[PDB]
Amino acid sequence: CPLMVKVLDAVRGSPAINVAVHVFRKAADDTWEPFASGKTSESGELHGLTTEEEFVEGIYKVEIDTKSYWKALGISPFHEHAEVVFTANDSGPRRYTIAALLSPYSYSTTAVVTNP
């Protein structure tokens, strides 16, 4: 898979398990079209969102459902979600790992991009 999402919990020092993730792709009319979705596993990772064939050039938005995550742990957090927006595959196919590190009032996100 050319798109993977990894989420960590900075309060617990653990993977962030059962985090919902929705991916969108900007359409020709400039709307955000639903592209793929899933949830993180016990390891904090979400694999299998898409395929090399389907993951064409485009502008993609990875929404990480942080508020839904934190509230289930009894924490009222600040953000609604984390949104990671990027152009993909503009120089040919790449593999993308989107990582996020979550706290109730803060998050950081990183991308690791590799050429297969």
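When you see a residue number, it is the position in the sequence shown, counting from 1. Just so we're on the same page, rigid core means the largest C-alpha set that superposes within 1.5 Å between forms.
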* Line up the rigid core: which moves more in 8 other deposited structures of this protein, 31-39 or 83-91, by C-alpha RMS? -> 83-91
* To do: Averaging the C-alpha B factors as listed in the entry, name the stretch that ends up higher: 55-63 or 74-82.
  => 74-82
* **Stretch exceeding the other in mean C-alpha B-factor - 35-43, 22-30** => 22-30
* To do: Determine which member of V5, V112, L8, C1 has the highest CA B-factor, using the values in the deposited entry.
  => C1
* **Ranked against its chain, the third holding the CA B-factor of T50** => middle
* Asked: In terms of the CA temperature factor given in the entry, to which third of its chain does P104 belong: lowest, middle or highest?
  -> middle
* To do: Would you please rank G13 by its C-alpha temperature factor against the other modelled residues of its chain and give the third it falls in: lowest, middle or highest?
  => lowest
